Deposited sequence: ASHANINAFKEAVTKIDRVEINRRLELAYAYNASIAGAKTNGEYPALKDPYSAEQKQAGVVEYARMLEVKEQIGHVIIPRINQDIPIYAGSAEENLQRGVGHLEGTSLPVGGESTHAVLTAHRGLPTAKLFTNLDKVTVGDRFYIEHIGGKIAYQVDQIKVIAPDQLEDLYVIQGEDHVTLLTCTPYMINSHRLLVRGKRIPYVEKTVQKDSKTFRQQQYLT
């Protein structure tokens, strides 16, 4: 079902005019610029703000090759969304990258019917993950892995001059008393070449 959703997003994007894509991206950049220029983030584990990015109800998908996950991203972190894929944390930057952006994406550390971010503990610094949105695919390299208590969101705010994405889930596995944050930093990337990115192959 999720992979069906991803295929739907992909096909749909191909049918969109490039000038149309670009206008919508500009809306997202502007949105992010307001966040960067400015709070009230709330832990999802106890919407239309991103409409410009939405295609087939999704704002894109996140790929994490080390653990072979490819999961659709939905705007907002309502439990309804977290039951079917990754949620984007409202109040954080939209996941299209850029100077002074920090997008936060979250998923359950396992559900009875879906692995989701179950194996996120196996990602190590230097591993890479990727976000495909309406404008193409961007890459991040993990630079920081952190465990925090549920009431600390300071790590989730924008860092001026920088381009980050944090993958947020609960930990330890089957306990979920804390939050695991796997953060990446933007790196240059162009898809569909002979490039191989695994840390094993690298560098």
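Student: Compare the deposited sequence with the modelled residues and state the ranges that are missing C-alpha positions.
Tutor: Unobserved in coordinates, per deposited numbering: 39-44, 53-60, 218-222.
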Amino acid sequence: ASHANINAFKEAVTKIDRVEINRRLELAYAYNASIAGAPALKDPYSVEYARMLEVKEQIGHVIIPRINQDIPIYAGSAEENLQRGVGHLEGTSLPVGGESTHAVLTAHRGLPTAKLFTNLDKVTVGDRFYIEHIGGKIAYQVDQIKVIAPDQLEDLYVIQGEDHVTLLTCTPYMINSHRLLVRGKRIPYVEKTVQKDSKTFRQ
From here on, numbers count along this sequence of modelled residues.
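Heads up, when I say rigid core I mean the largest set of C-alphas that superpose within 1.5 Å between the two forms.
Student: Name the stretch, 72-80 or 108-116, whose C-alpha atoms sit farther from the shown form on average in 4 other deposited structures of this protein, taking the rigid core as the superposition reference.
Tutor: If we average over structures and residues in 4 other deposited structures of this protein, the farther stretch is 108-116.
Student: Find the stretch among 50-58 and 171-179 with the larger RMS C-alpha deviation in 4 other deposited structures of this protein, all structures being superposed on the shown form by the rigid core.
Tutor: Taking the RMS over all superposed structures in 4 other deposited structures of this protein, 50-58 lies farther out.
Student: Answer yes if residue 158 is missing coordinates in at least a third of the other compared entries, and no if every one of them models it.
Tutor: Looking at the other entries that model residues on either side of it, residue 158 is present in every one.
Student: Taking the other PDB entries of this protein that cover both neighbours, check whether residue 147 lacks coordinates in at least a third of them.
Tutor: Other entries vs residue 147: none skip it.
Student: Give the stretch, out of 191-199 and 175-183, with the larger mean C-alpha temperature factor in the deposited entry.
Tutor: Per the deposited B-factors, the answer is 191-199.
Student: If you average the Cα B factors in the entry, which is higher, 113-121 or 74-82?
Tutor: Mean C-alpha B-factor is greater for 74-82.
Student: Whose CA atom has the top B-factor in the entry, of 149, 47, 158, 62?
Tutor: Answer, based on the entry's C-alpha B-factors: 47.
Student: Please pick out which of 139, 142, 53, 153 has the largest Cα B-factor as recorded in the entry.
Tutor: In the PDB entry, the greatest C-alpha B-factor among 139, 142, 53, 153 is found at 153.
Student: With respect to C-alpha B-factor, does residue 34 fall in the lowest, middle or highest third of the chain as deposited?
Tutor: Highest third, going by the recorded CA B-factors of the chain.
Student: Hey, what third does residue 40 fall into on Cα B-factor, ranked over its chain?
Tutor: Highest third.
Student: Taking only the Cα B-factors deposited for this chain, tell me whether residue 27 sits in the lowest, middle or highest third.
Tutor: It falls in the top third of the chain.
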